[PDB]
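# Generate coordinates for the sequence data below:
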Amino acid sequence: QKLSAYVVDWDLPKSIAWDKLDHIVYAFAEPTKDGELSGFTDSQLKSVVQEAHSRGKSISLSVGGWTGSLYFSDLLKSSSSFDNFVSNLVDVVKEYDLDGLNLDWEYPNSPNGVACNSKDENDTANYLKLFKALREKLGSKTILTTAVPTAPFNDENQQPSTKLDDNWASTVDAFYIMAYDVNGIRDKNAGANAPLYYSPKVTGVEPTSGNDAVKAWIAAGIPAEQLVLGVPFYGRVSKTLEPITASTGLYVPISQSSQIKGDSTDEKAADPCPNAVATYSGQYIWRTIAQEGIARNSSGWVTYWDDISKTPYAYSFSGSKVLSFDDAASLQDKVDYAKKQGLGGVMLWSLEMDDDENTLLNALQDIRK
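Residues are numbered from 1 along each chain as shown. The protein structure is shown below:
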């Protein structure tokens, strides 16, 4: 699995380009309080598994997700709910003829991610117990992967680990680094959604990137070959308080009152926590970007290139907004990095975002390669 591609149950692609990929990750199954797997469509998963196997392709189920991470911590600390979760997790593999499971807990012991998510000092330790259980019960050929944040899983203090149990690398096959959503309204200045690099010279942005995350995880104990760079097929808009020109760069200050809306896929939504506030994400999928000609200086946009983060961005004087995103160029750069760093491969989120010409997916082909 050098090239993995997430598909979403709520929006399957009408046509999956099998020959341009290796491994399909079907998202999501959300764990319930009782430790059962839910929230996915039975017929669709059967359909997609069948297709993948017809063509000699691998498929995994992704358990969890941004809104599916509520019960992970509770489930694993208790011994009874642990075994039943595992039991259900094995059954689903059995049931659908899955080639593996992709655990996506967002995130172990963290006040970030959804606010009301259960959390515990031992979340990472138990996360490792879960994987070990899974391996014992599934064997060595089941693809066991995890989608991970830009720093190693939290310790008993909610700080990224400086060293992960060495059993992590020996149990789990690949760690999919979710190297995107790095910068947002949580920052003072505009930044890249999925930067390849971070520069300390630049303040008012988050001190991480793709390269930095890799570096962090390698240091924590995970070999590079077991690391997988996640890339987006979407971008994000911020509202700049100050207009971007050619003599300004990407890093201008932004509004923080409220996140403005992106494209038509960007519905106002609130996390599954009582009395939480609905918000926009700012998201703009690649399709919108391509159709509206944003990367071609159309529709009132002017396109630039950030030399620091190796990503394109665009600015509309109308509404004063900046769109940080990824194109063929920034994507092919991420692929160059991955190959030179001896990474296991790359993954993309998510397949239905790409245009009908497979522009973004094609830009990723050197990884297979």
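
# okay, now residue 200: neighbour count?
Neighbourhood size, residue 200 [other CB atoms under 10 Å]: 6. To be clear about C-beta, it is placed using only N, CA and C from the backbone, and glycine gets the same treatment.

# so what's residue 277 closest to, chain neighbours aside?
In space, and not counting its chain neighbours, residue 277 is closest to residue 270: 5.8 Å by CB to CB, 6 or more residues apart in numbering.

# pull the CA atoms of the helix or strand in which residue 335 is found into PDB?
Following DSSP states H and E, one finds residue 335 within helix 328-341. This file holds the C-alpha atoms of helix 328-341, laid out as PDB (Å, rounded to 0.1, in the frame of the first residue of the first chain):
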ATOM      1  CA  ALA A 328      -1.100  18.900  -8.900                       C
ATOM      2  CA  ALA A 329       2.200  20.700  -8.100                       C
ATOM      3  CA  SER A 330       2.000  20.800  -4.300                       C
ATOM      4  CA  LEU A 331       0.800  17.200  -4.400                       C
ATOM      5  CA  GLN A 332       3.700  16.000  -6.600                       C
ATOM      6  CA  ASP A 333       6.000  17.800  -4.200                       C
ATOM      7  CA  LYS A 334       4.600  15.800  -1.300                       C
ATOM      8  CA  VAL A 335       5.200  12.700  -3.300                       C
ATOM      9  CA  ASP A 336       8.800  13.700  -4.000                       C
ATOM     10  CA  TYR A 337       9.400  14.200  -0.300                       C
ATOM     11  CA  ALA A 338       7.800  10.800   0.600                       C
ATOM     12  CA  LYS A 339      10.000   8.900  -1.800                       C
ATOM     13  CA  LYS A 340      13.200  10.600  -0.600                       C
ATOM     14  CA  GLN A 341      12.300  10.000   3.000                       C
END
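
# what helices or strands is it leaning on?
Using 3 or more CB pairs under 8 Å, 6 or more residues apart in numbering; DSSP states H and E, the elements in contact with helix 328-341 are helix 210-220, strand 227-232, strand 311-316, strand 345-349, helix 359-362.

# Which one of these lies nearest to residue 191?
Among these, strand 311-316 comes nearest to residue 191, with 9.4 Å by CB to CB.

# name the helices or strands packed onto that closest one?
Under the contact criterion of 3+ CB pairs under 8 Å, 6+ apart, strand 311-316 touches strand 301-306, strand 321-324, helix 328-341.

# Please identify which of these is closest to residue 58.
In terms of CB to CB, the element of the helices and strands packed on strand 311-316 nearest to residue 58 is helix 328-341, at 18.8 Å.

# circling back to that earlier point, export the helices and strands packed on helix 328-341 to a markdown table and tack on mean neighbour count?
Output for those, formatted as a markdown table (neighbours: other CB atoms under 10 Å):
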| stretch | mean neighbour count |
| --- | --- |
| helix 210-220 | 20 |
| strand 227-232 | 25 |
| strand 311-316 | 24 |
| strand 345-349 | 26 |
| helix 359-362 | 20 |
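
# I'd like the ones you listed written out as TSV, with distance to residue 47 added.
Formatted as TSV, the helices and strands packed on helix 328-341 follow (distance: least, CB to CB, whole Å):
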stretch	distance to residue 47
helix 210-220	33
strand 227-232	25
strand 311-316	35
strand 345-349	21
helix 359-362	20
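
# Can you say which of the ones you listed is nearest to residue 293?
Ranking the helices and strands packed on helix 328-341 by proximity to residue 293 (CB to CB) places strand 311-316 first, at 10.2 Å.

# Show me what that closest one pairs with in its sheet, parallel or antiparallel.
Neighbouring strands of strand 311-316 in its sheet, by DSSP bridges, are strand 301-306 (antiparallel), strand 321-324 (antiparallel).

# before we move on, back to that, quick check: buried residues in the helix holding residue 335?
Residues of helix 328-341 classed as buried: 330-335, 337-338, 341 (neighbour count, 16 or more other CB atoms under 10 Å).

# Just want the angle from that helix to strand 227-232.
180 degrees (axes from the mean of the first three to the mean of the last three CA atoms, to 10 degrees).

# how big is the angle separating helix 328-341 from helix 210-220?
Going by the same axes, to 10 degrees, helix 328-341 makes 20 degrees with helix 210-220.

# how much does helix 328-341 deviate in direction from strand 345-349?
150 degrees.

# Name the surrounding residues that touch helix 328-341.
194, 196, 210-211, 214, 224, 227, 229, 231, 305, 310-312, 326, 343, 345-346, 359-360, 362-364, 366-367, 369 (CB atoms under 8 Å, 6 or more residues apart in numbering).

# cool, and stretch 258-267?
Contacts for stretch 258-267 (CB under 8 Å, 6+ apart): 184-185, 236-239, 268, 279-285, 288, 319, 321.

# Can you get me the start-to-end distance on that stretch?
Start to finish, the residues bounding stretch 258-267 are 14 Å apart (CA to CA, to the nearest Å).

# Give me the nearest residue to residue 107, chain neighbours excluded.
Nearest to residue 107 is residue 113, by CB to CB, 6+ apart, at 4.8 Å.
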